[PDB]
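Below: one structure, written as structure tokens.
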Amino acid sequence: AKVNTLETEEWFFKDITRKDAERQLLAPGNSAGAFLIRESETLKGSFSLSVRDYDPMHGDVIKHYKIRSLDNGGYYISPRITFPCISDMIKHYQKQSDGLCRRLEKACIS
């Protein structure tokens, strides 16, 4: 169920769009490594990870990763490692980048 709506998390931006996520992440109060989780604009329980990066060729750049939900419960960005919830996934990728453009550092500022 959802239920899984843990909007108690500082990094969860439920009803924000892709573009607004990019705009909020690129704001001056945030830096490279900033991130958020957002729900799909159409599909409930479908989520994305949005991450602020810095590329030597472009400026600040925002990268998006689709999060997949398995029907039995659980989440993954890479099928190499699944998590029992989004919050464990965040902690994992805060610990090591493990395929992402960089380690997750701070939640995007409200």
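Just remember, in the structure tokens the first chain shown is A, the second B, etc., residues are 1-based per chain, and ligands are 1-based in the order shown.
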
Set out as a Markdown table a contact list for stretch 5-86 of chain A and stretch 91-109 of chain A with a cut-off of 9 Å, giving each residue of stretch 5-86 of chain A that qualifies its closest atom pair and distance in Å to one decimal, counting only C-alpha atoms, ordered by chain and rising residue number.
| residue | atom | partner | partner_atom | distance |
| --- | --- | --- | --- | --- |
| A:10 | CA | A:107 | CA | 6.2 |
| A:11 | CA | A:107 | CA | 4.8 |
| A:12 | CA | A:107 | CA | 8.5 |
| A:24 | CA | A:108 | CA | 7.4 |
| A:25 | CA | A:108 | CA | 6.0 |
| A:27 | CA | A:109 | CA | 8.6 |
| A:29 | CA | A:109 | CA | 6.9 |
| A:30 | CA | A:108 | CA | 6.4 |
| A:31 | CA | A:106 | CA | 8.2 |
| A:32 | CA | A:105 | CA | 8.2 |
| A:33 | CA | A:105 | CA | 4.9 |
| A:34 | CA | A:106 | CA | 4.8 |
| A:35 | CA | A:107 | CA | 5.2 |
| A:36 | CA | A:108 | CA | 5.9 |
| A:51 | CA | A:104 | CA | 7.5 |
| A:52 | CA | A:104 | CA | 8.9 |
| A:53 | CA | A:101 | CA | 7.2 |
| A:63 | CA | A:101 | CA | 7.9 |
| A:65 | CA | A:100 | CA | 8.4 |
| A:78 | CA | A:99 | CA | 8.0 |
| A:83 | CA | A:92 | CA | 8.9 |
| A:86 | CA | A:91 | CA | 8.8 |

Can I get the selection written as a tab-separated table (two decimals), in the first residue's frame, with C-alpha atoms?
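again-v1.tsv, written as the output of this step:
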chain	number	residue	atom	x	y	z
A	10	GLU	CA	13.34	15.94	3.89
A	11	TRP	CA	14.19	14.70	0.39
A	12	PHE	CA	10.68	13.70	-0.72
A	24	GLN	CA	14.55	23.80	-7.41
A	25	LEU	CA	17.76	21.73	-7.50
A	27	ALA	CA	18.72	27.11	-6.96
A	29	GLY	CA	21.04	27.42	-1.87
A	30	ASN	CA	21.82	23.93	-3.19
A	31	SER	CA	25.11	22.46	-4.39
A	32	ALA	CA	26.40	19.56	-6.39
A	33	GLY	CA	25.30	16.37	-4.69
A	34	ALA	CA	21.84	17.74	-3.82
A	35	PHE	CA	18.99	15.37	-4.54
A	36	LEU	CA	15.31	14.69	-4.28
A	51	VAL	CA	20.44	14.66	-8.62
A	52	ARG	CA	22.41	17.87	-9.05
A	53	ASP	CA	25.81	17.30	-10.63
A	63	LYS	CA	20.43	14.07	-13.77
A	65	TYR	CA	17.15	8.17	-12.53
A	78	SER	CA	19.89	-0.86	-10.86
A	83	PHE	CA	15.90	-2.01	-1.39
A	86	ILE	CA	13.10	4.35	-0.81

Write out as a list in words each polymer residue whose atoms come within 12 Å of stretch 42-44 of chain A, counting only C-alpha atoms; drop sequence neighbours fewer than 5 positions from it.
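Once the nearby chain positions are removed, what remains is residues 1, 2, 3, 4, 5, 14, 15, 16, 17, 18, 68 and 69 of chain A.
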
How far is it from atom CA of residue A:64 to atom CA of residue A:23, in Å with one decimal?
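These atoms are spaced 13.0 Å apart.
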
Apply DSSP to the structure's backbone, then extract all residues of chain A labelled strand (DSSP E) and return them as a PyMOL selection string.
chain A and resi 35-39+47-54+60-69+75-78+81-83
